[PDB]
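Below is one structure, written out as structure tokens, with a few remarks after it.
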Amino acid sequence: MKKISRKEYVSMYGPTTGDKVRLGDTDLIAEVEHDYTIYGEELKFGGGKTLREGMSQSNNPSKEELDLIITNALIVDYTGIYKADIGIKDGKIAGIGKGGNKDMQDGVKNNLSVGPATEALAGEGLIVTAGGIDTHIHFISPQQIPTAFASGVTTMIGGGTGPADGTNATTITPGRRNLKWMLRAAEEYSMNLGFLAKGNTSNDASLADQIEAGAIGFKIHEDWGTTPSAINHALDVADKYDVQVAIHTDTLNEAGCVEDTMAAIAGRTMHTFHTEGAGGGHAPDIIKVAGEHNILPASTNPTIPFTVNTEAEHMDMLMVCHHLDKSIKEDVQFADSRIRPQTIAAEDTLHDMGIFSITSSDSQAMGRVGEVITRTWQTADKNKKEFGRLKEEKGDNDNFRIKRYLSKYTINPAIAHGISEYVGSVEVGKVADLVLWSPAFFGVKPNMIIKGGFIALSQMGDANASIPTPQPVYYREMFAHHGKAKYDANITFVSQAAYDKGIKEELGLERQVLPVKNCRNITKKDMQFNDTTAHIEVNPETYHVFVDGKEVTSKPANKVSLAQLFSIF
Amino acid sequence: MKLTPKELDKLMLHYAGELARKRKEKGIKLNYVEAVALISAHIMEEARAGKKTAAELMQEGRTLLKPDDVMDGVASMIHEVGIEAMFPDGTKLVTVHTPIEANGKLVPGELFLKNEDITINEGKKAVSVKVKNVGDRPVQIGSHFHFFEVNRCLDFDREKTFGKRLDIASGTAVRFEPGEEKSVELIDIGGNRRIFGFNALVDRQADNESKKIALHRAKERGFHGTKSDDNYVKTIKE
Amino acid sequence: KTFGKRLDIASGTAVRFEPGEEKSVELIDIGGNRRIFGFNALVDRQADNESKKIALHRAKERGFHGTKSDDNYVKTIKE
Ligand code: NI
Ligand code: NI
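What follows is the structure, given as structure tokens:
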């Protein structure tokens with residue numbers, strides 16, 4: 115029995131229970147809630163340290179011996195913020211807890227046994243979160259995938275065939291042959307992938323064929339015609355096949371207004387993209403659907419957080435993508451009904467209130483694929499600066515707000531697209547898609563990505579250097595990124611129907627192929643920490659937003675965190 | 004003889020009861036098995052004699068064993084002895100309820116309860132609705148039935164009951180005799196509020212938009228107390 | 010008067026209607042096979058005089074303004 119000062123203990127093994135750590139350069143403070151360690155029995159790797167034959171590596175290991183163990187990791191998950199060791203076996207998370215050798219240490223369970231087959235990854239002073247999930251990908255260029263990978267995203271869900279004009283507008287992979295093209299192209303990449311089909315048709319047979327061809331759901335986009343008939347048919351087929359539907363509603367109100375669209379949805383599960391409406395949607399009041407029980411409301415990162423440069427940038431961006439002219443009054447009228455700084459301001463507060471549940475990209479289609487996580491944490495920091503600490507906090511920390519915002523890109527999109535049994539959280543039994551963060555760089559620049567239980571990307575110095583640290587340091591592909599190893603580390607998500615028909619063997623796919631499930635029986639109440647339903651009213655004239663009778667707004671930010679301190683460009 | 008499996012089982016039971024009666028004659032205090040078997044064998048023999056009705060045997064099964072004839076703890080373990088016996092008019096089930104009275108202190112499986120009450124449906128506000136059964140048949144409604152879709156013969160302000168259930172103990176029920184009028188408490192249905200079945204009046208997400216469709220469907224199908232405004236506007240999916 | 014018709018404007022252009030705005034537009038007949046599927050599920054079949062009555066009745070039931078379909082509507086075997 116010896117006494118150790120908290121300072122040297124934290125320097126050796128990381129923060130322990132009751133300690134607090136700042137996240138990046140923000141004002142969000144994370145407090146360690148619990149510790150799974152036995153004081154005096156910590157796992158350390160190095161010369162003369164504990165992780166050695168006969169001390170912490172067992173000479174008589176259990177049969178569930180780990181392949182990889184992450185020691186002294188601070189886990190930031192929606193299930194809690196705590197210190198533990200993470201054990202990885204066969205691409206899954208095998209255990210969370212103490213970890214070590216049962217011959218020489220007390221509290222070691224068989225699923226956390228370190229033996230001669232175990233690799234050691236030091237996590238002391240580091241944060242472990244689940245890999246991010248981006249559910250609004252326009253597959254416009256393959257170069258988006260490495261960019262999203264380097265920011266902490268491990269699953270991309272969306273649609274497209276490339277730089278075609280249909281893809282530049284829509285997240286749609288249309289038809290069986292184009293699905294086959296994209297599924298065989300997917301074998302290249304270090305990313306979990308799933309593809310959305312075209313929902314914009316009234317032909318049930320055409321809808322069903324795309325699902326059986328491997329799509330995990332439908333996208334309904336106004337550029338292919340978002341009409342109530344197509345919405346109704348697509349929802350009927352999706353209910354028969356248990357796949358998700360995403361919608362980009364009619365901004366022009368051509369076939370009807372927002373209530374007509376809700377009537378076409380008819381109380382069935384729907385995932386709405388850019389619900390605030392700058393990215394498209396019933397002008398000016400698409401944002402009202404974010405209070406409905408059957409809606410899963412997502413936002414795209416270009417509108418968060420609301421800043422002084424946001425409105426002019428979005429205006430000029432809209433004038434370019436739609437080829438509008440400033441000398442035409444009708445184009446100006448369209449643009450003014452579309453941007454609405456009022457709804458953009460309201461969107462940040464709705465994220466703080468838990469009304470919006472998912473953050474996404476809309477990549478290279480008015481959105482930045484490498485900035486979903488960064489803009490989510492910028493929004494959290496701005497909201498804490500404006501509204502102060504949340505009232506659901508328990509202690510001098512921001513743990514509740516941290517969980518609320520972390521769920522927006524990890525667990526809620528996974529639940530929304532029926533993959534939350536595989537990815538989305540640091541839980542035992544799930545796929546080992548993990549991101550290592552140093553707290554000083556949290557939310558902007560990760561340390562390394564573990565994909566399928568193996569290291570796939572990391573910061574790395576020059577190959578000729580005597581150690582891995584010296585400059586230049588940038589993100590480089592690791593061994594799970596190469597050869598036949600990438601087939602074991604990566605998943606292609608398909609529908610249950612396609613999986614049952616042997617889509618993997620028919621198309622000769624070497625990646626893991628998994629079916630999505632539980633997409634039709636979820637509501638807004640199934641989103642973690644973002645399950646607030648409310649009556650949202652939008653003023654047709656002033657465009658003001660009222661939630662439960664009270665006006666909701668935020669003020670723009672002239673400076674954000676996690677932006678110019680961390681990037682050269 | 005052409006004995007059936009039932010006859011072999013009943014013969015075994017008769018001789019178990021015979022052993023119990025012999026031990027009782029010797030002065031041994033009977034245990035659980037012996038008491039059960041003695042009651043069952045007595046009922047079977049009485050039914051064979053054919054001089055008593057089944058109800059008489061149900062009453063007579065309770066006088067065979069005094070509390071002093073059994074071991075401590077036996078009386079509290081025998082809630083009911085059921086036995087099927089063949090009377091002159093065929094096979095009837097005779098059940099004896101609480102045949103033996105408790106006299107000791109031993110209670111196997113005794114429950115020691117806290118005296119605090121349980122608060123069910125906490126956080127749910129209850130409204131009160133007056134309901135009358137204008138039909139000629141009894142109606143009974145369980146705790147988790149969607150009260151909007153109860154028997155069309157019940158008359159009440161259906162609009163106020165949409166998306167609600169009875170604020171009573173789970174698995175209990177409220178009865179409505181023909182012509183009976185009483186008020187009940189209704190709480191909101193929890194979870195995802197996805198109402199499927201019950202009369203096919205909703206079969207979708209419960210909300211204000213679907214309440215209009217439900218009210219219109221209820222009025223078209225003659226559910227009492229339904230007042231959905233005329234000039235109804237249909238939606239694309241009904 | 011607008012059944013089976015579309016705007017007689019340049020392909021891919023549009024006409025805007027501001028709240029409260031009133032203006033006149035030109036409509037031409039839809040070409041090809043005149044098989045109208047989708048758009049509100051008001052027709053979802055061949056466009057002709059027989060289906061115009063069904064469309065008018067459906068439009069009136071669903072509250073589309075300016076729809077005057079005669080009362081005492083006679084249903085067909087497939088509606
Ligand atoms: Ni969109
Ligand atoms: Ni998009």
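Protein chains in written order, with the working numbering: chain A, 115 to 683; chain B, 4 to 241; chain C, 10 to 88. Even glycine gets a Cβ: it sits at the ideal position worked out from N, Cα and C.
- Following the DSSP letters along the chain, one finds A570 (chain A) in no alpha helix (DSSP H) but inside the beta strand (DSSP E) bounded by residues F568 to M574.
- DSSP places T98 (chain B) within a strand segment (E or B) once states are collapsed to three.
- DSSP places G225 (chain B) in the coil class of the three-state scheme, outside both helix and strand.
- Residues of the region 623-649 of chain A with a C-beta less than 8 Å from any C-beta of chain B: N635, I636, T637, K639 and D640, listed in chain order.
- Of all residues in the region 47-68 of chain C, only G47, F48, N49, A50 and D53 come within less than 8 Å of chain A when Cβ atoms are compared, listed by chain position.
- Note: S474 (chain A) is bridge-paired with A:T414 in the DSSP secondary-structure output.
- Within the same chain, Cβ atoms closer than 8 Å to the Cβ of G225 (chain B) are found at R155, the five residues on either side in sequence being excluded.
- Among the residues facing chain B, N408 (chain A) is included, as its CB has a counterpart in that chain under 8 Å away.
- Here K185 (chain B) is exposed, its C-beta having fewer than 16 other C-beta atoms within 10 Å.
- With the rule of 3 Cβ pairs closer than 8 Å, the region 266-286 of chain A does not count as touching the region 572-583 of chain A.
- Here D248 (chain A) is actually not in contact with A264 (chain A); their C-beta atoms are around 13 Å apart, not less than 8 Å.
- With a beta-carbon spacing of about 5 Å, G328 (chain A) and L293 (chain A) fall inside the 8 Å limit used to define contacts.
- Fewer than three pairs of CB atoms, one per stretch, sit closer than 8 Å, so the region 495-508 of chain A makes no contact with the region 445-455 of chain A.
- For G331 (chain A), the shortest C-beta to heavy atom distance toward ligand 2 is 7 Å or greater.
- Linking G200 (chain B) to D160 (chain B) through their CA atoms gives a straight-line distance of about 21 Å.
- Any Cβ of chain A closer than 8 Å to the Cβ of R25 (chain C) would place that residue at the interface, and such an atom is present.
- Contact check between the region 502-512 of chain A and the region 155-172 of chain A: fewer than three CB pairs, one atom from each, fall below 8 Å, which does not count as touching.
- A heavy atom of ligand 1 is found nearer than 7 Å to the CB of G394 (chain A).
- For chain A, the residues of the region 180-199 of chain B that bring a beta carbon within less than 8 Å of one of its beta carbons are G194, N195, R196 and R197, in chain order.
- Interface flag for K230 (chain B) against chain C is unset, since no Cβ pair is found closer than 8 Å.
- With a cutoff of 7 Å, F448 (chain A) does not count as near ligand 1, since its C-beta is closer than that to no heavy atom of the ligand.
- Between the region 472-489 of chain A and the region 519-534 of chain A there are three or more inter-stretch CB-CB distances shorter than 8 Å, so the stretches are counted as touching.
- Boundaries of the beta strand (DSSP E) around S131 (chain B): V130 to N136.
- Cβ-Cβ separation between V587 (chain A) and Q573 (chain A): approximately 5 Å, consistent with a contact (criterion under 8 Å).
- With a minimum length of 3 residues, the unbroken runs of beta strand (DSSP E) contained wholly in the region 446-516 of chain A fall at 472-474.
- Relative to the non-hydrogen atoms of ligand 2, the Cβ of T285 (chain A) comes within a distance shorter than 7 Å of at least one.
- A direct Cα-Cα distance of roughly 19 Å separates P91 (chain B) from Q62 (chain B).
- Contact with chain C is found for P342 (chain A), since one of that chain's Cβ atoms lies less than 8 Å from the residue's Cβ.
- Look at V357 (chain A) here: in three-state DSSP terms it is coil, with no helix or strand label.
- Beta-carbon to beta-carbon, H531 (chain A) and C633 (chain A) are separated by about 7 Å, close enough to satisfy the 8 Å threshold.
- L520 (chain A) sits in a helix when the DSSP states are folded into three classes.
- Annotation: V205 (chain B) to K508 (chain A) spans about 41 Å, alpha carbon to alpha carbon.
- Secondary structure of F199 (chain B) (DSSP, three-state): coil.
- The alpha carbon of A479 (chain A) has as its nearest neighbour, out of A:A278, A:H595, A:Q358 and A:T131, the alpha carbon of A:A278.
- Counting only runs of at least 4 residues, the region 556-634 of chain A fully encloses the following alpha helix (DSSP H) elements, listed from N- to C-terminal order: 599-603, 610-614 and 617-620.
- For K240 (chain B), the closest Cβ of chain A is nearer than 8 Å.
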